[PDB]
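Colleague: My structure is stored as structure_0.txt, with compact mmCIF, C-alpha atoms and all ligand atoms.
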```txt
# COMPACT_ATOMS: atom_id res chain seq x y z
CA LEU A 1 -26.22 19.53 -3.07
CA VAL A 2 -23.23 21.56 -4.28
CA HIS A 3 -19.58 20.40 -4.19
CA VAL A 4 -17.20 23.30 -4.69
CA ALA A 5 -13.64 22.49 -5.75
CA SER A 6 -11.15 23.44 -3.03
CA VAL A 7 -7.43 23.38 -3.93
CA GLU A 8 -5.27 21.48 -1.44
CA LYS A 9 -3.89 24.26 0.74
CA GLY A 10 -0.83 25.89 -0.80
CA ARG A 11 -0.37 23.29 -3.58
CA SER A 12 0.24 24.16 -7.23
CA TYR A 13 0.86 22.44 -10.59
CA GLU A 14 4.37 21.32 -9.74
CA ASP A 15 3.13 19.50 -6.66
CA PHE A 16 0.61 17.47 -8.64
CA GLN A 17 3.20 16.69 -11.30
CA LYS A 18 5.18 14.96 -8.53
CA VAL A 19 2.21 12.82 -7.63
CA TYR A 20 1.83 11.97 -11.36
CA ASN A 21 5.51 11.03 -11.58
CA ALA A 22 5.26 8.72 -8.58
CA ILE A 23 2.31 6.85 -10.04
CA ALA A 24 4.11 6.66 -13.42
CA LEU A 25 7.37 5.32 -11.97
CA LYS A 26 5.46 2.65 -10.05
CA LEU A 27 3.54 1.75 -13.25
CA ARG A 28 6.93 1.24 -14.90
CA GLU A 29 8.11 -0.94 -12.04
CA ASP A 30 5.14 -3.23 -11.43
CA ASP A 31 5.04 -4.63 -14.98
CA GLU A 32 4.24 -8.28 -14.08
CA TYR A 33 0.74 -7.68 -12.72
CA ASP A 34 -2.08 -9.59 -14.36
CA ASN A 35 0.18 -11.67 -16.67
CA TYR A 36 2.39 -8.74 -17.64
CA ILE A 37 -0.40 -6.38 -18.60
CA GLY A 38 0.70 -4.05 -15.79
CA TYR A 39 -1.55 -1.82 -13.62
CA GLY A 40 -2.47 0.79 -16.25
CA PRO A 41 -5.87 -0.68 -17.20
CA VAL A 42 -7.14 -1.32 -13.66
CA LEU A 43 -6.19 2.28 -12.74
CA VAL A 44 -8.31 3.75 -15.51
CA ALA A 45 -11.17 1.36 -14.53
CA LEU A 46 -10.88 2.54 -10.94
CA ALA A 47 -11.08 6.24 -11.96
CA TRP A 48 -14.19 5.44 -14.06
CA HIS A 49 -16.04 3.49 -11.34
CA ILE A 50 -15.48 6.07 -8.62
CA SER A 51 -16.86 8.76 -10.97
CA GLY A 52 -19.58 6.49 -12.41
CA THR A 53 -21.74 6.48 -9.28
CA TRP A 54 -22.79 10.06 -10.04
CA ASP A 55 -26.48 10.94 -10.33
CA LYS A 56 -27.02 14.21 -12.18
CA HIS A 57 -30.49 14.55 -10.69
CA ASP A 58 -29.50 15.09 -7.05
CA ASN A 59 -25.69 15.23 -7.29
CA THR A 60 -25.31 12.12 -5.13
CA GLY A 61 -22.25 9.91 -5.82
CA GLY A 62 -19.43 11.18 -8.08
CA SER A 63 -15.64 11.40 -7.68
CA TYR A 64 -15.63 14.42 -5.35
CA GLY A 65 -16.15 12.60 -2.04
CA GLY A 66 -13.46 9.91 -2.20
CA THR A 67 -16.13 7.51 -0.92
CA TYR A 68 -14.62 4.46 -2.65
CA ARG A 69 -12.43 4.17 0.50
CA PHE A 70 -15.47 3.06 2.59
CA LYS A 71 -16.39 -0.62 2.79
CA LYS A 72 -19.89 -0.26 1.37
CA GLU A 73 -18.47 0.99 -1.95
CA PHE A 74 -15.29 -1.04 -2.26
CA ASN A 75 -17.37 -4.12 -1.46
CA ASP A 76 -19.61 -3.31 -4.44
CA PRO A 77 -19.87 -6.42 -6.60
CA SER A 78 -19.55 -4.03 -9.59
CA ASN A 79 -16.13 -3.10 -8.18
CA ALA A 80 -14.69 -6.63 -7.81
CA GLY A 81 -11.04 -6.54 -8.76
CA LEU A 82 -10.56 -2.78 -8.24
CA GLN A 83 -9.05 -3.41 -4.78
CA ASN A 84 -5.81 -4.01 -6.76
CA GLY A 85 -5.66 -0.42 -8.08
CA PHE A 86 -6.47 0.87 -4.58
CA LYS A 87 -3.60 -1.25 -3.21
CA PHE A 88 -1.29 0.11 -5.91
CA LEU A 89 -2.14 3.69 -5.00
CA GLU A 90 -1.66 3.22 -1.22
CA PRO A 91 2.12 3.76 -1.21
CA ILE A 92 1.52 6.84 -3.30
CA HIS A 93 -0.98 8.37 -0.85
CA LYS A 94 1.54 7.57 1.87
CA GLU A 95 4.23 9.56 0.06
CA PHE A 96 1.84 12.45 -0.60
CA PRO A 97 -0.64 12.49 2.31
CA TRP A 98 -1.84 15.98 1.48
CA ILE A 99 -3.75 14.98 -1.69
CA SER A 100 -7.45 14.12 -1.34
CA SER A 101 -8.67 10.58 -2.08
CA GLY A 102 -10.90 11.67 -5.01
CA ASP A 103 -7.98 13.58 -6.49
CA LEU A 104 -5.61 10.64 -6.23
CA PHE A 105 -8.03 8.07 -7.67
CA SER A 106 -8.95 10.28 -10.58
CA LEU A 107 -5.36 11.38 -11.15
CA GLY A 108 -4.37 7.69 -11.28
CA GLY A 109 -6.64 7.23 -14.33
CA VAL A 110 -5.20 10.21 -16.14
CA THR A 111 -1.68 9.13 -15.42
CA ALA A 112 -2.33 5.63 -16.75
CA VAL A 113 -3.81 6.79 -20.06
CA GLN A 114 -0.93 9.19 -20.87
CA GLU A 115 1.83 6.78 -19.88
CA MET A 116 0.15 4.08 -22.01
CA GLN A 117 0.65 6.54 -24.89
CA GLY A 118 -2.92 7.84 -25.03
CA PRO A 119 -3.85 11.53 -25.47
CA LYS A 120 -3.14 14.23 -22.90
CA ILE A 121 -6.07 14.48 -20.46
CA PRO A 122 -6.48 17.87 -18.70
CA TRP A 123 -7.03 17.38 -14.95
CA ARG A 124 -8.21 19.61 -12.10
CA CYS A 125 -7.56 19.37 -8.37
CA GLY A 126 -9.89 20.25 -5.51
CA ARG A 127 -11.95 17.16 -4.73
CA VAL A 128 -12.56 16.95 -0.95
CA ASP A 129 -13.07 13.82 1.14
CA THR A 130 -16.63 13.50 2.51
CA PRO A 131 -17.76 11.19 5.37
CA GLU A 132 -18.95 7.59 5.33
CA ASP A 133 -22.67 8.39 5.24
CA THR A 134 -22.26 10.09 1.87
CA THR A 135 -21.22 6.78 0.32
CA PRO A 136 -23.76 5.97 -2.43
CA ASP A 137 -25.48 2.60 -2.42
CA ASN A 138 -24.39 -0.29 -4.63
CA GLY A 139 -26.21 -0.73 -7.95
CA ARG A 140 -25.36 2.55 -9.69
CA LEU A 141 -22.87 1.10 -12.18
CA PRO A 142 -23.88 -0.57 -15.48
CA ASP A 143 -24.74 -4.21 -16.20
CA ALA A 144 -22.90 -5.91 -19.10
CA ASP A 145 -25.66 -8.17 -20.42
CA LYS A 146 -27.93 -5.48 -21.91
CA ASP A 147 -28.53 -3.72 -25.23
CA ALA A 148 -27.88 -0.24 -26.68
CA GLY A 149 -31.20 1.15 -25.39
CA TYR A 150 -30.03 0.28 -21.88
CA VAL A 151 -26.58 1.76 -22.51
CA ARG A 152 -28.04 5.03 -23.85
CA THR A 153 -30.40 5.45 -20.92
CA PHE A 154 -27.71 4.50 -18.40
CA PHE A 155 -25.23 7.06 -19.61
CA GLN A 156 -27.86 9.79 -19.65
CA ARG A 157 -27.68 9.65 -15.85
CA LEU A 158 -24.12 10.87 -16.31
CA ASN A 159 -25.14 13.54 -18.77
CA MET A 160 -23.31 11.77 -21.58
CA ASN A 161 -24.56 11.79 -25.19
CA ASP A 162 -24.02 9.33 -28.06
CA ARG A 163 -20.54 10.53 -29.09
CA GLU A 164 -19.41 10.61 -25.46
CA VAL A 165 -20.67 7.06 -24.78
CA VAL A 166 -18.92 5.66 -27.83
CA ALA A 167 -15.67 7.56 -27.17
CA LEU A 168 -15.62 6.46 -23.53
CA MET A 169 -16.19 2.76 -24.33
CA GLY A 170 -12.93 2.83 -26.34
CA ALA A 171 -11.08 2.35 -23.05
CA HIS A 172 -11.99 -1.32 -23.42
CA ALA A 173 -8.96 -1.58 -25.71
CA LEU A 174 -7.21 -1.83 -22.32
CA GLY A 175 -6.94 -4.83 -20.04
CA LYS A 176 -9.36 -7.77 -20.05
CA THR A 177 -12.35 -9.36 -18.34
CA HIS A 178 -11.71 -11.89 -15.54
CA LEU A 179 -14.16 -14.73 -14.89
CA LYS A 180 -13.87 -14.60 -11.10
CA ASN A 181 -14.39 -10.82 -11.09
CA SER A 182 -17.29 -10.23 -13.51
CA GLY A 183 -18.46 -13.55 -14.92
CA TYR A 184 -16.81 -12.60 -18.23
CA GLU A 185 -13.45 -13.79 -19.55
CA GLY A 186 -10.88 -12.53 -22.05
CA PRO A 187 -9.32 -9.50 -23.71
CA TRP A 188 -10.82 -7.13 -26.27
CA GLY A 189 -7.65 -6.90 -28.39
CA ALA A 190 -3.92 -7.67 -28.63
CA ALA A 191 -2.17 -4.47 -27.48
CA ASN A 192 -4.02 -4.20 -24.23
CA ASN A 193 -1.62 -1.94 -22.36
CA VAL A 194 -1.23 0.62 -25.13
CA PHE A 195 -4.04 3.20 -25.67
CA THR A 196 -5.18 3.01 -29.37
CA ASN A 197 -8.42 2.86 -31.45
CA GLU A 198 -8.17 -0.97 -31.55
CA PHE A 199 -11.56 -1.63 -29.86
CA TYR A 200 -13.34 0.03 -32.80
CA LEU A 201 -11.20 -1.79 -35.36
CA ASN A 202 -11.80 -5.14 -33.66
CA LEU A 203 -15.54 -4.48 -33.38
CA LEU A 204 -15.81 -3.85 -37.13
CA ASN A 205 -13.14 -6.17 -38.52
CA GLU A 206 -13.43 -9.36 -36.51
CA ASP A 207 -15.54 -12.49 -37.08
CA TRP A 208 -17.67 -12.58 -33.95
CA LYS A 209 -19.48 -15.64 -32.61
CA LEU A 210 -22.02 -15.44 -29.80
CA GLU A 211 -21.28 -17.99 -27.06
CA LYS A 212 -21.84 -18.89 -23.41
CA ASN A 213 -18.77 -18.70 -21.16
CA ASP A 214 -17.88 -20.96 -18.24
CA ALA A 215 -20.00 -18.72 -15.96
CA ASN A 216 -22.99 -19.33 -18.28
CA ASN A 217 -23.11 -15.69 -19.46
CA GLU A 218 -23.34 -14.79 -23.12
CA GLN A 219 -20.41 -13.02 -24.79
CA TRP A 220 -19.06 -12.46 -28.31
CA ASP A 221 -15.81 -14.26 -29.13
CA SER A 222 -13.56 -13.96 -32.16
CA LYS A 223 -11.32 -16.45 -33.91
CA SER A 224 -8.44 -14.19 -32.95
CA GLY A 225 -9.13 -14.95 -29.27
CA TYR A 226 -10.77 -11.60 -28.51
CA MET A 227 -14.19 -10.91 -26.89
CA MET A 228 -16.90 -8.28 -26.58
CA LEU A 229 -19.56 -7.82 -23.92
CA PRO A 230 -23.18 -7.59 -25.09
CA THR A 231 -23.02 -3.86 -24.21
CA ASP A 232 -19.86 -3.53 -26.36
CA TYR A 233 -21.53 -5.28 -29.30
CA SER A 234 -24.53 -2.93 -28.91
CA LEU A 235 -22.34 -0.18 -30.40
CA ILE A 236 -22.52 -1.80 -33.81
CA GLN A 237 -26.14 -2.92 -33.42
CA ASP A 238 -27.47 0.62 -33.01
CA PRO A 239 -27.16 2.65 -36.23
CA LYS A 240 -26.35 5.87 -34.39
CA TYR A 241 -23.58 4.16 -32.43
CA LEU A 242 -22.27 2.33 -35.50
CA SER A 243 -21.69 5.57 -37.40
CA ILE A 244 -19.40 6.82 -34.67
CA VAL A 245 -17.65 3.47 -34.25
CA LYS A 246 -16.66 3.69 -37.95
CA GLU A 247 -15.47 7.27 -37.45
CA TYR A 248 -13.10 6.29 -34.64
CA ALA A 249 -11.92 3.10 -36.37
CA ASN A 250 -11.01 5.33 -39.28
CA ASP A 251 -9.44 8.19 -37.30
CA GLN A 252 -7.47 7.66 -34.06
CA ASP A 253 -6.70 11.38 -33.64
CA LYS A 254 -10.42 12.15 -33.67
CA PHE A 255 -10.99 9.33 -31.17
CA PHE A 256 -8.14 10.67 -28.98
CA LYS A 257 -9.61 14.21 -28.92
CA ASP A 258 -13.12 13.01 -28.11
CA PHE A 259 -11.98 10.55 -25.44
CA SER A 260 -9.91 13.26 -23.85
CA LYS A 261 -12.82 15.67 -23.47
CA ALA A 262 -15.19 12.90 -22.37
CA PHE A 263 -12.88 11.40 -19.73
CA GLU A 264 -12.24 14.79 -18.13
CA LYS A 265 -16.00 15.51 -18.05
CA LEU A 266 -16.69 12.10 -16.50
CA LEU A 267 -14.06 12.70 -13.82
CA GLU A 268 -15.43 16.21 -13.06
CA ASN A 269 -19.19 15.47 -13.05
CA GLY A 270 -20.77 16.93 -9.93
CA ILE A 271 -17.97 19.37 -9.15
CA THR A 272 -18.37 23.15 -9.22
CA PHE A 273 -15.19 24.98 -10.19
CA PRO A 274 -15.04 28.55 -8.93
CA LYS A 275 -14.48 31.16 -11.62
CA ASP A 276 -10.98 31.90 -10.27
CA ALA A 277 -9.87 28.32 -9.74
CA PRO A 278 -6.62 27.33 -11.50
CA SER A 279 -6.79 26.40 -15.18
CA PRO A 280 -6.84 22.63 -15.90
CA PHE A 281 -3.40 21.08 -15.57
CA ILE A 282 -1.73 19.22 -18.41
CA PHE A 283 0.94 16.96 -16.98
CA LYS A 284 4.20 16.03 -18.68
CA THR A 285 4.93 12.35 -19.24
CA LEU A 286 8.02 10.76 -17.72
CA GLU A 287 9.38 10.57 -21.25
CA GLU A 288 8.76 14.29 -21.78
CA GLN A 289 10.76 14.91 -18.62
CA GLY A 290 13.71 12.58 -19.31
CA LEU A 291 12.68 10.52 -16.28
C1 LIG A 301 -21.80 0.00 -20.39
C2 LIG A 301 -20.51 0.24 -19.84
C3 LIG A 301 -19.53 -0.70 -19.49
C4 LIG A 301 -19.69 -1.99 -18.97
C5 LIG A 301 -20.94 -2.85 -18.91
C6 LIG A 301 -18.46 -2.30 -18.38
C7 LIG A 301 -18.09 -3.60 -17.96
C8 LIG A 301 -16.79 -4.11 -17.78
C9 LIG A 301 -16.50 -5.41 -17.40
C10 LIG A 301 -17.48 -6.48 -16.93
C11 LIG A 301 -15.12 -5.42 -17.17
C12 LIG A 301 -14.25 -6.58 -16.67
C13 LIG A 301 -14.10 -6.63 -15.17
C14 LIG A 301 -13.23 -7.82 -14.73
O1 LIG A 301 -13.62 -8.97 -14.91
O2 LIG A 301 -12.21 -7.65 -14.06
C15 LIG A 301 -14.62 -4.23 -17.66
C16 LIG A 301 -13.27 -3.79 -17.52
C17 LIG A 301 -12.70 -2.59 -17.99
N1 LIG A 301 -13.42 -1.49 -18.24
FE1 LIG A 301 -15.48 -1.44 -18.51
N2 LIG A 301 -17.56 -1.34 -18.63
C18 LIG A 301 -18.23 -0.31 -19.14
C19 LIG A 301 -17.64 0.91 -19.52
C20 LIG A 301 -16.32 1.38 -19.28
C21 LIG A 301 -15.88 2.70 -19.42
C22 LIG A 301 -16.72 3.98 -19.61
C23 LIG A 301 -14.52 2.66 -19.07
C24 LIG A 301 -13.60 3.70 -18.84
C25 LIG A 301 -13.47 4.92 -19.62
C26 LIG A 301 -14.22 1.32 -18.84
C27 LIG A 301 -12.93 0.83 -18.55
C28 LIG A 301 -12.54 -0.52 -18.53
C29 LIG A 301 -11.23 -0.96 -18.42
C30 LIG A 301 -9.95 -0.18 -18.62
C31 LIG A 301 -11.33 -2.30 -18.03
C32 LIG A 301 -10.14 -3.26 -17.85
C33 LIG A 301 -9.56 -3.26 -16.43
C34 LIG A 301 -8.68 -4.47 -16.07
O3 LIG A 301 -8.15 -5.09 -16.98
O4 LIG A 301 -8.78 -4.94 -14.95
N3 LIG A 301 -15.33 0.56 -18.89
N4 LIG A 301 -15.65 -3.39 -17.89
```
Produce structure tokens that represent the structure in this file.
Modeller:
Amino acid sequence: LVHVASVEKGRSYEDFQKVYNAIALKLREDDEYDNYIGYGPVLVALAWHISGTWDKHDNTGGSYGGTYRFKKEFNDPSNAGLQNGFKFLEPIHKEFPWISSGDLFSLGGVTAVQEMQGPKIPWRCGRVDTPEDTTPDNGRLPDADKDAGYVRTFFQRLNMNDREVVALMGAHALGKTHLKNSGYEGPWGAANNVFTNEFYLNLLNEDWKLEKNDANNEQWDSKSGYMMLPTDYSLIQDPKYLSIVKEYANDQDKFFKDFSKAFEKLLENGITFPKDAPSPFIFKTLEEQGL
């Protein structure tokens, strides 16, 4: 099963920058969402879950098909809450009906990271909508109540290694858990709509206490009012993971570089880019444009 990137007919860089700008302007505008966190975090969670269904063994799932738009996938329990990012992006698809669904979903994650002051994330167009019967079954995304062995195995399905797994998990500096969505409740840090190395710092520097939440699930809670999932806490339980956690706590630029490569790879898993496709695009922020 091969998925070959196909550029939207006649579109170039400047066209996609417009779609970026529209997402970015709307991010600016809808600042009240989720108690003033804004929609940045749910947008990067949506781009991760639509890519996270990939299976490297048979190339099923992945971001290419746009299959999150079908009821079997948006009804995935693992995706509870992400209907809000989809709803956000609907006016944008309306304004730019020529972009594919996979391209829009994935571009929404890139746009969110950069406007929340994270690193630049190169992005490539050419995902093509596939039909309903290519929608992967539920159950392909990761459980939160497991340990580092589980996490390591899980991410190997996505062809991610130790550094990649730890870099990628740093996105949990953003947003928060919601009891009615996941059975977990609370934020990971204080600046949860700015992209920083705070997750790593909080992991190492906080006083964590293991507790049961109101949904009867175990989670780690700090005196500062922060939390960590069991899978998050894994990263300082495994010695290999802990080494890298310290690295990123100590050096945000290194974390930024590694996240950037890892997020692009995650969003492009399963896609074949022809030799003569366009080079990855690096979009300007609104700020960089005076907008
Ligand atoms: C072992 C892997 C991980 C587990 C078990 C997992 C689990 C969770 C859980 C349960 C939530 C809260 C959902 C809610 O209640 O609304 C959460 C949210 C979040 N996750 Fe993860 N996650 C994983 C990895 C990742 C990765 C790789 C990324 C992206 C690069 C990511 C991005 C985020 C973000 C940004 C949110 C916050 C969204 C918002 O506030 O609504 N997660 N995750």
Colleague: Between A:105, A:197, A:81, A:290, which residue has the minimum interatomic distance to residue 176 (chain A), considering all atoms listed in the file?
Modeller: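 Of A:105, A:197, A:81, A:290, the one nearest residue 176 (chain A) is A:81, counting all atoms listed in the file.
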Colleague: Between A:143, A:90, A:221, A:214, which is the closest to ligand LIG 301 (chain A) once you count only C-alpha atoms and all ligand atoms?
Modeller: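 Going through A:143, A:90, A:221, A:214 one by one, the smallest distance to ligand LIG 301 (chain A) is for A:143.
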Colleague: Smallest atom-to-atom distance to ligand LIG 301 (chain A): which of A:66, A:280, A:136, A:85, using only C-alpha atoms and all ligand atoms?
Modeller: A:85
Colleague: Go through A:215, A:255, A:237, A:242 one by one, measure the shortest atom-to-atom distance of each to residue 198 (chain A) using all atoms listed in the file, and give the residue with the smallest value.
Modeller: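 Closest to residue 198 (chain A) of all the choices is A:255.
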Colleague: Show me which residues sit within 7 Å of ligand LIG 301 (chain A) when counting all atoms listed in the file, and put them as a ChimeraX atom specification.
Modeller: /A:41-42,44-45,48,80-81,142-144,151,168-169,171-172,174-185,231,263
Colleague: In Å, with one decimal, what is the gap from CA of residue 18 (chain A) to CA of residue 115 (chain A)?
Modeller: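 Atom-to-atom, CA of residue 18 (chain A) and CA of residue 115 (chain A) are spaced 14.4 Å apart.
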Colleague: Counting all atoms listed in the file, figure out which residue out of A:262, A:121, A:173, A:191 gets nearest to residue 161 (chain A).
Modeller: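 Result for the nearest residue to residue 161 (chain A): A:262.
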Colleague: Which distance in Å separates CA of residue 167 (chain A) and CA of residue 284 (chain A), to one decimal?
Modeller: 23.2 Å
Colleague: Using only C-alpha atoms, can you tell me which of A:267, A:148, A:249, A:112 comes closest to residue 63 (chain A)?
Modeller: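 Of all the options, A:267 lies closest to residue 63 (chain A).
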Colleague: Hey, what's within 10 Å of residue 273 (chain A) if we count only C-alpha atoms and toss same-chain stuff fewer than 2 positions away? As a ChimeraX atom specification, please?
Modeller: /A:3-6,124-126,268,270-271,275-279
Colleague: Can you tell me which residues surround residue 223 (chain A) at a distance of at most 12 Å, considering only C-alpha atoms, apart from same-chain residues fewer than 3 positions away, and format the answer as a PyMOL selection string?
Modeller: chain A and resi 189+202+205-210+220+226-227
Colleague: Missing atoms in region 230-242 of chain A need filling: write out N, CA and C atoms for it as a PDB file, in the coordinates of the input.
Modeller:
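Heads up, here's the output in rebuild06.pdb:
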```pdb
ATOM      1  N   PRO A 230     -21.938  -7.992 -24.417  1.00  0.00           N
ATOM      2  CA  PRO A 230     -23.180  -7.590 -25.090  1.00  0.00           C
ATOM      3  C   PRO A 230     -23.315  -6.076 -25.210  1.00  0.00           C
ATOM      4  N   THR A 231     -22.984  -5.319 -24.153  1.00  0.00           N
ATOM      5  CA  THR A 231     -23.020  -3.860 -24.210  1.00  0.00           C
ATOM      6  C   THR A 231     -22.008  -3.305 -25.213  1.00  0.00           C
ATOM      7  N   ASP A 232     -20.844  -3.948 -25.366  1.00  0.00           N
ATOM      8  CA  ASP A 232     -19.860  -3.530 -26.360  1.00  0.00           C
ATOM      9  C   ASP A 232     -20.411  -3.690 -27.781  1.00  0.00           C
ATOM     10  N   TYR A 233     -20.993  -4.865 -28.005  1.00  0.00           N
ATOM     11  CA  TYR A 233     -21.530  -5.280 -29.300  1.00  0.00           C
ATOM     12  C   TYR A 233     -22.720  -4.414 -29.709  1.00  0.00           C
ATOM     13  N   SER A 234     -23.491  -3.916 -28.746  1.00  0.00           N
ATOM     14  CA  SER A 234     -24.530  -2.930 -28.910  1.00  0.00           C
ATOM     15  C   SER A 234     -24.140  -1.771 -29.825  1.00  0.00           C
ATOM     16  N   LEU A 235     -22.882  -1.357 -29.715  1.00  0.00           N
ATOM     17  CA  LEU A 235     -22.340  -0.180 -30.400  1.00  0.00           C
ATOM     18  C   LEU A 235     -22.290  -0.392 -31.902  1.00  0.00           C
ATOM     19  N   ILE A 236     -22.413  -1.639 -32.357  1.00  0.00           N
ATOM     20  CA  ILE A 236     -22.520  -1.800 -33.810  1.00  0.00           C
ATOM     21  C   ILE A 236     -23.891  -2.352 -34.186  1.00  0.00           C
ATOM     22  N   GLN A 237     -24.753  -2.555 -33.192  1.00  0.00           N
ATOM     23  CA  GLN A 237     -26.140  -2.920 -33.420  1.00  0.00           C
ATOM     24  C   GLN A 237     -26.999  -1.671 -33.580  1.00  0.00           C
ATOM     25  N   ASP A 238     -26.702  -0.623 -32.805  1.00  0.00           N
ATOM     26  CA  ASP A 238     -27.470   0.620 -33.010  1.00  0.00           C
ATOM     27  C   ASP A 238     -26.841   1.440 -34.119  1.00  0.00           C
ATOM     28  N   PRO A 239     -27.647   1.920 -35.069  1.00  0.00           N
ATOM     29  CA  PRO A 239     -27.160   2.650 -36.230  1.00  0.00           C
ATOM     30  C   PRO A 239     -26.443   3.951 -35.865  1.00  0.00           C
ATOM     31  N   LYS A 240     -26.954   4.615 -34.831  1.00  0.00           N
ATOM     32  CA  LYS A 240     -26.350   5.870 -34.390  1.00  0.00           C
ATOM     33  C   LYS A 240     -24.965   5.549 -33.836  1.00  0.00           C
ATOM     34  N   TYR A 241     -24.891   4.549 -32.960  1.00  0.00           N
ATOM     35  CA  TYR A 241     -23.580   4.160 -32.430  1.00  0.00           C
ATOM     36  C   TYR A 241     -22.650   3.659 -33.524  1.00  0.00           C
ATOM     37  N   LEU A 242     -23.174   2.906 -34.498  1.00  0.00           N
ATOM     38  CA  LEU A 242     -22.270   2.330 -35.500  1.00  0.00           C
ATOM     39  C   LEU A 242     -21.591   3.398 -36.344  1.00  0.00           C
TER      40      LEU A 242
END
```
